[PDB]
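In order, the protein sequences belong to chains A, B and C.
Here the first sequence stands for residues 507 to 555, where the numbers follow full-length UniProt numbering.
Here the second sequence stands for residues 359 to 407, where the numbers follow full-length UniProt numbering.
Here the third sequence stands for residues 950 to 998, where the numbers follow full-length UniProt numbering.
By construction, the Cβ of each residue, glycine as well, lies at the ideal position given by its N, Cα and C atoms.
Down below is the structure, laid out as structure tokens.
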Amino acid sequence: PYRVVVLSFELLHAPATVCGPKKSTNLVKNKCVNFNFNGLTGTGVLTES
Amino acid sequence: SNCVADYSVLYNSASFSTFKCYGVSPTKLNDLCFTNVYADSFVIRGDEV
Amino acid sequence: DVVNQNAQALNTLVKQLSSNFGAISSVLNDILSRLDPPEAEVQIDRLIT
């Protein structure tokens with residue numbers, strides 16, 4: 507007998523409730539930055555909406 | 359859900375039978391952080407994997 | 950008619966970007982953030998093709 511844990515998960519259909527020890531940073535505006543919001547690898551100038 | 363899920367503590371047990379993901383990269387498991395996780399945990403015979 | 954023909958061609962070329970083309974997703978950034986550089990080759994090849 508083997509312990510079998512089928513590690514299943516749903517991705518990008520909700521705001522994130524499961525995130526590990528990845529440290530948040532300082533929110534910087536109006537600069538050509540390589541940000542990382544909610545998991546997605548975006549890059550650009552962040553104006554306030 | 360609603361908690362912090364580290365997978366480096368999942369990795370340091372080197373007794374896993376098959377350590378393979380089908381959604382994402384296995385080295386990016388701490389990198390990508392999820393929304394909801396559904397663990398199908400059970401114990402069955404070792405050849406039914 | 951010429952203007953709308955040019956507009957339809959441009960808008961179809963725009964709508965082609967979200968097409969999955971048999972890959973896992975359409976956006977390259979999630980494919981970079983979820984797969985290995987020896988594992989993302991097939992899906993990025995699909996999207997490039």
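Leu387(B) and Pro527(A) have their alpha carbons spaced roughly 12 Å apart. The DSSP-derived three-state label of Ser982(C) is helix. Neighbourhood of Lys386(B) in chain C, by CB distance below 9 Å: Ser982, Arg983, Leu984, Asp985, in chain order. A residue is called buried once 16 or more other Cβ atoms fall within 10 Å of its Cβ, and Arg983(C) is buried on that count. Close CB contacts of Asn969(C) within its chain, under the 6 Å cut and outside five residues either way in sequence, are with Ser975 (chain order).
At least 8 Å separates the beta-carbon of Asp364(B) from that of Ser514(A). Of the other Cβ atoms in all chains shown, fewer than 16 fall within 10 Å of the Cβ of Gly971(C); this residue is therefore exposed. Around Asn544(A), the same chain offers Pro521, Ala522 as residues with beta carbons nearer than 8 Å, after the five sequence neighbours per side are excluded. Taking the beta carbon of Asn978(C) as reference, the chain A residues within 9 Å of it are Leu546, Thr547, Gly548, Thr549, listed in sequence order.
The Cβ atoms of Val395(B) and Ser359(B) lie closer than 8 Å to each other.
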